[PDB]
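A lone chain, given as structure tokens: the form solved without 5-fluoroindole-2-carboxylic acid.
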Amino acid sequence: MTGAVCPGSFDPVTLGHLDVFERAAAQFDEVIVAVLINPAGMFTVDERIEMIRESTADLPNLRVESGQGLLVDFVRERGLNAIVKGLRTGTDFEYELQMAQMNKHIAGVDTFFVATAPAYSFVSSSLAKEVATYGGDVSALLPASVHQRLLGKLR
């Protein structure tokens, strides 16, 4: 009964996030995607959850839930003690290392990092929204469903 939580704001989820989800789902019996409401973004929590569920239909051991407060409480209240997160740069690692060691200290929750797929090294939710806002084509970087939903928000 292994399991991990994949956290983030996912505003919106990108193909980089989805690649991490599929990789976590392939190595752990249970995966929970934690959509963290940070109470100002583009999509509502429900819409963000919707887009992830649509894009993770092929992953039977994955579910999607919203959460508030400490991530470690979200993890431990579901019987787990591992977090899985994607990393692009050494700079990412240093910032995330601080939070990973804090989370282990306060609650015994482990963090496992996975290297980004090379093709998505440059995609982030914020850069994809910025480029799309000014008319650039980001369709190769986002799940097909998400892309249409993003156009709607702009138009």
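The term rigid core refers to the maximal set of C-alpha atoms that superpose within 1.5 Å between the two forms. Numbers for residues come from their place in the sequence shown, where the first is 1.
Quiz item: If you line up the core and then measure how far each C-alpha sits from this form in 9 other deposited structures of this protein, which stretch comes out higher, 89-97 or 115-123?
Solution: It is 89-97 that deviates more in 9 other deposited structures of this protein.
Quiz item: When the other structures are laid on this one by the rigid core, do the CA atoms of 144-152 or of 3-11 sit farther away in 9 other deposited structures of this protein?
Solution: Between the two stretches, 144-152 moves farther in 9 other deposited structures of this protein.
Self-check item: Length class of the unmodelled deposited segment, which would lie between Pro39 and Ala40
Solution: The entry has 1 to 3 unmodelled residues between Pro39 and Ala40.
Practice problem: Check the entry's C-alpha temperature factors for 104-112 and 58-66, then say which stretch has the higher mean. | Solution: Per the deposited B-factors, the answer is 58-66.
Practice problem: Return whichever of 125-133 and 42-50 has the greater mean Cα B factor according to the PDB record. | Solution: Between 125-133 and 42-50, it is 42-50.
Self-check item: Largest Cα B-factor, entry values, listed residues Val138, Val13, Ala144, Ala24
Solution: Answer for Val138, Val13, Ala144, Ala24: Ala144, with the highest C-alpha B-factor.
Quiz item: Lowest, middle or highest third: where is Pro7 by Cα B-factor in its chain?
Solution: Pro7: CA B-factor falls in the lowest third of its chain.
Self-check item: CA B-factor placement of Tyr120, once the chain's modelled residues are sorted into thirds
Solution: For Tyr120, whose C-alpha B-factor we compare with every modelled residue in the chain, the answer is the lowest third.
Separately, the form solved in complex with 5-fluoroindole-2-carboxylic acid exists; it is not shown, and the next lines address it.
Quiz item: Any chance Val35 has a heavy atom within 4.5 Å of 5-fluoroindole-2-carboxylic acid in the entry with it bound?
Solution: Flag for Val35 set to yes.
Practice problem: Look up in the entry with it bound whether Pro60 has a non-hydrogen atom within 4.5 angstroms of 5-fluoroindole-2-carboxylic acid, and give yes or no. | Solution: So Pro60 does not count as contacting 5-fluoroindole-2-carboxylic acid.
Quiz item: Do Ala82 and 5-fluoroindole-2-carboxylic acid come within 4.5 Å of each other in the entry with it bound, heavy atoms counted?
Solution: Result no; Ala82 lies far from 5-fluoroindole-2-carboxylic acid in the entry with it bound.
Exercise. Although 5-fluoroindole-2-carboxylic acid is absent from this view, report whether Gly69 comes within 4.5 Å of it in the entry with it bound, heavy atoms only.
Key: Flag for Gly69 set to yes.
Self-check item: Residues within 4.5 Å of 5-fluoroindole-2-carboxylic acid in the entry with it bound, restricted to 1-26 and counted by heavy atom
Solution: Only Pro7 sits within 4.5 Å of the partner.
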